[PDB]
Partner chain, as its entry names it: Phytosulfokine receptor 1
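The form deposited without its partner chain is given below as one chain in structure tokens.
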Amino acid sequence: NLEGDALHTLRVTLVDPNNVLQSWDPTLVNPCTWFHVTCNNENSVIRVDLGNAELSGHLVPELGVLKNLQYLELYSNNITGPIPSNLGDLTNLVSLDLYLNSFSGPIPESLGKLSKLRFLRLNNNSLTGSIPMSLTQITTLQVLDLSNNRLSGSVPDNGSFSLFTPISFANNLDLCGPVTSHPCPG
């Protein structure tokens, strides 16, 4: 059970004072009966729903083996560290909700590979660096929130970013461009 091993590895590295993940018993045939985990009819994980679960610690790159994952709902916790650089491995993701956490480092360029993504909500973290241009390749994007981070540099208004307005980018370190409220000096 590769998927269960990956999720158990996540449990080890997350900090879970309330033992929300107590049921995450890797001796089971699969993780489909675990609390907060949902599988499809083929017993493959499609949702991890851990919003507002009083978790901290960091994520793990083993998340990338959850090939059928559609929802990664980890918002409103105190998770730290970087967004794993390989989250773009999760090509069936339709929602990536990491908002209201303590993530730092850059937005991974690999997120541009998430060609089915509808929700990308990373607001209210401590993310730094520039927004990857690869994100404009995500033609399905409908809800984007990168506000309240420490992002800097130019933001394009092309591809799917043409859909969004300054509220999606507000209160960063030094963003500029047509979709933001400040033109780029160059």
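Numbering follows the first chain given and starts at 1.
There is another form of the same protein, the form solved in complex with its partner chain; it is not shown, and what comes next is about it.
Interface residue remark: residue 173 is not counted as part of the site for its partner chain in the bound PDB entry, having no heavy atom within 4.5 Å. Contact annotation: residue 158 falls outside 4.5 Å of its partner chain in the bound PDB entry, judged by heavy atom distances. Under a 4.5 angstroms non-hydrogen atom cutoff, its partner chain in the bound PDB entry has residue 51 among its neighbouring residues.
At least one heavy atom of residue 95 is located within 4.5 Å of its partner chain in the bound PDB entry. Here is the short version: of 130, 139, 43, 126, the single residue with a heavy atom within 4.5 Å of its partner chain in the bound PDB entry is 43. For the three marked residues, 12, 38 and 71, a heavy atom of each sits within 4.5 Å of its partner chain in the bound PDB entry. Shown here without its partner chain, the chain has 20, 28 in 13-28 lying with a heavy atom within 4.5 Å of that partner in the bound PDB entry.
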